[PDB]
file work_35.cif (mmCIF, C-alpha atoms)
data_model
#
loop_
_atom_site.label_atom_id
_atom_site.label_comp_id
_atom_site.auth_asym_id
_atom_site.auth_seq_id
_atom_site.Cartn_x
_atom_site.Cartn_y
_atom_site.Cartn_z
CA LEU A 148 -10.47 19.60 -33.15
CA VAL A 149 -9.42 16.47 -31.36
CA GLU A 150 -6.27 18.10 -29.87
CA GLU A 151 -8.30 21.08 -28.57
CA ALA A 152 -10.88 18.76 -27.00
CA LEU A 153 -8.31 16.59 -25.37
CA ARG A 154 -6.29 19.54 -24.16
CA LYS A 155 -9.14 21.22 -22.33
CA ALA A 156 -10.38 17.90 -20.97
CA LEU A 157 -7.00 16.48 -19.97
CA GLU A 158 -4.89 19.67 -19.14
CA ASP A 159 -1.20 19.48 -20.10
CA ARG A 160 -0.21 16.03 -18.76
CA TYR A 161 -1.67 14.16 -21.74
CA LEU A 162 0.55 13.20 -24.74
CA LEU A 163 -0.87 13.46 -28.31
CA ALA A 164 1.33 12.01 -30.90
CA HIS A 165 0.83 11.20 -34.57
CA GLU A 166 2.80 9.75 -37.39
CA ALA A 167 1.73 9.62 -41.10
CA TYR A 168 1.18 6.86 -43.46
CA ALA A 169 0.14 8.64 -46.73
CA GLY A 170 -3.17 10.43 -46.39
CA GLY A 171 -4.48 10.92 -42.80
CA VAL A 172 -2.64 10.30 -39.50
CA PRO A 173 -3.21 7.41 -37.08
CA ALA A 174 -2.97 9.24 -33.74
CA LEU A 175 -2.38 7.99 -30.42
CA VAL A 176 -3.28 9.72 -27.20
CA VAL A 177 -1.40 8.39 -24.16
CA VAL A 178 -2.93 9.16 -20.77
CA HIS A 179 -2.48 8.13 -17.19
CA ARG A 180 -4.26 5.14 -15.71
CA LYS A 181 -7.50 6.21 -14.10
CA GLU A 182 -7.71 9.20 -16.45
CA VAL A 183 -9.17 6.69 -19.01
CA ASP A 184 -12.86 7.78 -18.72
CA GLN A 185 -12.08 11.40 -19.14
CA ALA A 186 -9.82 10.67 -22.10
CA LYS A 187 -12.60 8.68 -23.81
CA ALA A 188 -15.29 11.29 -23.11
CA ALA A 189 -13.11 13.80 -24.90
CA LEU A 190 -12.96 11.65 -28.06
CA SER A 191 -16.62 10.88 -27.90
CA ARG A 192 -17.61 14.65 -27.85
CA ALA A 193 -15.67 15.30 -31.08
CA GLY A 194 -17.37 12.20 -32.67
CA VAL A 195 -13.98 10.24 -32.92
CA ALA A 196 -13.95 6.74 -31.40
CA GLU A 197 -11.37 4.00 -30.61
CA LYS B 3 4.77 18.06 -16.75
CA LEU B 4 3.79 14.41 -17.55
CA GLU B 5 6.68 12.67 -15.72
CA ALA B 6 5.65 14.47 -12.59
CA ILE B 7 2.29 12.62 -12.67
CA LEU B 8 4.16 9.25 -12.98
CA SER B 9 6.30 9.87 -9.80
CA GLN B 10 3.17 10.55 -7.80
CA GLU B 11 1.31 7.26 -8.52
CA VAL B 12 4.29 5.35 -7.18
CA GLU B 13 5.05 7.78 -4.39
CA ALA B 14 2.00 6.91 -2.38
CA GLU B 15 1.91 3.08 -2.63
CA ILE B 16 5.58 2.93 -1.50
CA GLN B 17 4.58 4.72 1.67
CA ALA B 18 1.26 2.90 2.21
CA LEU B 19 3.01 -0.51 1.92
CA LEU B 20 6.09 0.48 3.98
CA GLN B 21 4.03 2.00 6.77
CA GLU B 22 1.94 -1.20 6.85
CA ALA B 23 4.99 -3.46 7.06
CA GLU B 24 6.60 -1.33 9.84
CA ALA B 25 3.39 -1.97 11.86
CA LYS B 26 3.58 -5.78 11.45
CA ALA B 27 7.27 -5.61 12.34
CA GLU B 28 5.99 -3.66 15.43
CA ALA B 29 3.14 -6.05 16.13
CA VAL B 30 4.96 -9.35 16.05
CA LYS B 31 7.61 -7.82 18.20
CA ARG B 32 5.02 -6.49 20.81
CA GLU B 33 3.39 -9.95 21.12
CA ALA B 34 6.92 -11.53 21.36
CA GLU B 35 7.66 -9.40 24.51
CA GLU B 36 4.25 -9.96 26.03
CA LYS B 37 4.70 -13.83 25.53
CA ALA B 38 8.25 -14.16 27.07
CA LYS B 39 7.08 -12.01 30.05
CA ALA B 40 4.03 -14.41 30.53
CA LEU B 41 6.07 -17.68 30.20
CA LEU B 42 8.10 -16.31 33.06
CA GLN B 43 5.05 -15.26 35.08
CA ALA B 44 3.92 -18.89 35.17
CA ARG B 45 7.54 -19.92 35.97
CA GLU B 46 7.49 -17.40 38.98
CA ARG B 47 4.30 -18.91 40.45
CA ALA B 48 5.51 -22.46 40.04
CA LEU B 49 8.73 -22.01 42.01
CA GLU B 50 6.81 -20.35 44.89
CA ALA B 51 4.34 -23.27 45.10
CA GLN B 52 7.27 -25.69 45.30
CA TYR B 53 8.77 -23.90 48.23
CA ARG B 54 5.49 -23.38 50.24
CA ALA B 55 4.82 -27.26 49.77
CA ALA B 56 8.35 -28.16 50.43
CA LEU B 57 8.56 -26.36 53.84
CA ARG B 58 5.22 -27.71 55.03
CA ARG B 59 6.36 -31.28 54.22
CA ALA B 60 9.59 -30.79 56.19
CA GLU B 61 7.68 -29.40 59.14
CA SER B 62 5.25 -32.42 59.19
CA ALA B 63 8.09 -34.91 58.63
CA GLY B 64 10.05 -33.63 61.50
#

call {"tool": "encode", "arguments": {"input": "work_35.cif", "output": "structure tokens"}}
result
Amino acid sequence: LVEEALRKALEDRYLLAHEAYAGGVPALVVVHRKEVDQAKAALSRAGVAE
Amino acid sequence: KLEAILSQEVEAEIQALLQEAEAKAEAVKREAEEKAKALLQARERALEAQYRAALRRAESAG
């Protein structure tokens, strides 16, 4: 869900990476500076937060 | 792609800054020409003065 939301919000110039740990995934989204608000807004709409 | 964004945040600053510093390197140099010219404008009047005074003195003296 998170990937979809970010992808529509942030086009294809965002980087979504994840690495496991035994159970879920801690994920990191890497975005350009000044694209911070938009990036955040996308997480907030899914219900995921920082 | 994502590396093409990165080259555009830089490529923008490095023309803003280098356009600004080629107009200070213009500006100092414009004032430097306008000063040397004026320090010789005052030199031009001075010499004249000294010659107009000088000749009048020699006329009176004689």

call {"tool": "resolve_selection", "arguments": {"input": "work_35.cif", "expression": "the PyMOL selection byres ((chain A) within 12 of (chain B))", "output": "short mmCIF file (atom, residue, chain, number, x, y, z; two decimals) with C-alpha atoms, in the coordinates of the input"}}
result
data_model
loop_
_atom_site.label_atom_id
_atom_site.label_comp_id
_atom_site.auth_asym_id
_atom_site.auth_seq_id
_atom_site.Cartn_x
_atom_site.Cartn_y
_atom_site.Cartn_z
CA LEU A 157 -7.00 16.48 -19.97
CA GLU A 158 -4.89 19.67 -19.14
CA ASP A 159 -1.20 19.48 -20.10
CA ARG A 160 -0.21 16.03 -18.76
CA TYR A 161 -1.67 14.16 -21.74
CA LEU A 162 0.55 13.20 -24.74
CA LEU A 163 -0.87 13.46 -28.31
CA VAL A 177 -1.40 8.39 -24.16
CA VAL A 178 -2.93 9.16 -20.77
CA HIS A 179 -2.48 8.13 -17.19
CA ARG A 180 -4.26 5.14 -15.71
CA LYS A 181 -7.50 6.21 -14.10
CA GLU A 182 -7.71 9.20 -16.45
#

call {"tool": "residues_around", "arguments": {"input": "work_35.cif", "residues": "residue A:149", "least_positions_apart": "5", "cutoff": "8 Å", "atoms": "only C-alpha atoms", "output": "list in words"}}
result
residues 189, 190, 193 and 195 of chain A

call {"tool": "atom_distance", "arguments": {"input": "work_35.cif", "atom1": "atom CA of residue A:197", "atom2": "atom CA of residue A:175"}}
result
9.8 Å

call {"tool": "atom_distance", "arguments": {"input": "work_35.cif", "atom1": "atom CA of residue A:172", "atom2": "atom CA of residue A:152"}}
result
17.2 Å

call {"tool": "atom_distance", "arguments": {"input": "work_35.cif", "atom1": "atom CA of residue B:54", "atom2": "atom CA of residue B:40"}}
result
21.7 Å

call {"tool": "decode", "arguments": {"input": "work_35.cif", "residues": "chain A", "atoms": "C-alpha atoms", "output": "compact mmCIF listing (two decimals), in the first residue's frame"}}
result
# COMPACT_ATOMS: atom_id res chain seq x y z
CA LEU A 148 0.00 0.00 0.00
CA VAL A 149 2.82 2.25 1.04
CA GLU A 150 4.77 1.73 -2.23
CA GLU A 151 1.66 2.53 -4.33
CA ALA A 152 0.99 5.68 -2.31
CA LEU A 153 4.53 6.88 -2.54
CA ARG A 154 4.78 6.06 -6.22
CA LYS A 155 1.78 8.10 -7.26
CA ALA A 156 2.73 10.93 -4.92
CA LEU A 157 6.44 11.01 -5.73
CA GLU A 158 6.59 9.75 -9.43
CA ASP A 159 9.61 7.59 -10.30
CA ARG A 160 12.49 9.61 -8.77
CA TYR A 161 11.86 8.30 -5.23
CA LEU A 162 13.79 5.26 -3.89
CA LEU A 163 11.97 2.67 -1.70
CA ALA A 164 14.21 0.15 -0.19
CA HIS A 165 13.71 -2.48 2.50
CA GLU A 166 15.73 -5.11 4.22
CA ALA A 167 14.38 -7.81 6.64
CA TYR A 168 15.07 -8.60 10.15
CA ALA A 169 12.79 -11.63 10.88
CA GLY A 170 9.13 -10.73 10.69
CA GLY A 171 8.28 -7.35 9.04
CA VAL A 172 10.62 -5.03 7.09
CA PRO A 173 12.05 -1.71 8.29
CA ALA A 174 11.73 0.38 5.12
CA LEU A 175 13.37 3.43 4.14
CA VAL A 176 12.15 5.88 1.56
CA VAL A 177 14.86 8.23 0.26
CA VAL A 178 13.66 11.43 -1.42
CA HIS A 179 15.09 14.67 -2.63
CA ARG A 180 15.45 17.70 -0.38
CA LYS A 181 12.40 19.91 -0.69
CA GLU A 182 10.28 16.90 -1.69
CA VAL A 183 10.06 16.20 2.11
CA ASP A 184 6.46 17.46 2.64
CA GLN A 185 5.08 15.49 -0.21
CA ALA A 186 6.94 12.38 0.92
CA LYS A 187 5.46 12.70 4.43
CA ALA A 188 1.92 13.38 3.19
CA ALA A 189 2.12 10.12 1.30
CA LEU A 190 2.96 8.15 4.48
CA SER A 191 0.35 9.96 6.47
CA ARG A 192 -2.49 9.02 3.99
CA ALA A 193 -1.70 5.29 4.33
CA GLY A 194 -1.66 5.72 8.19
CA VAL A 195 2.18 4.92 8.42
CA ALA A 196 4.31 7.46 10.30
CA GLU A 197 8.04 8.15 10.93
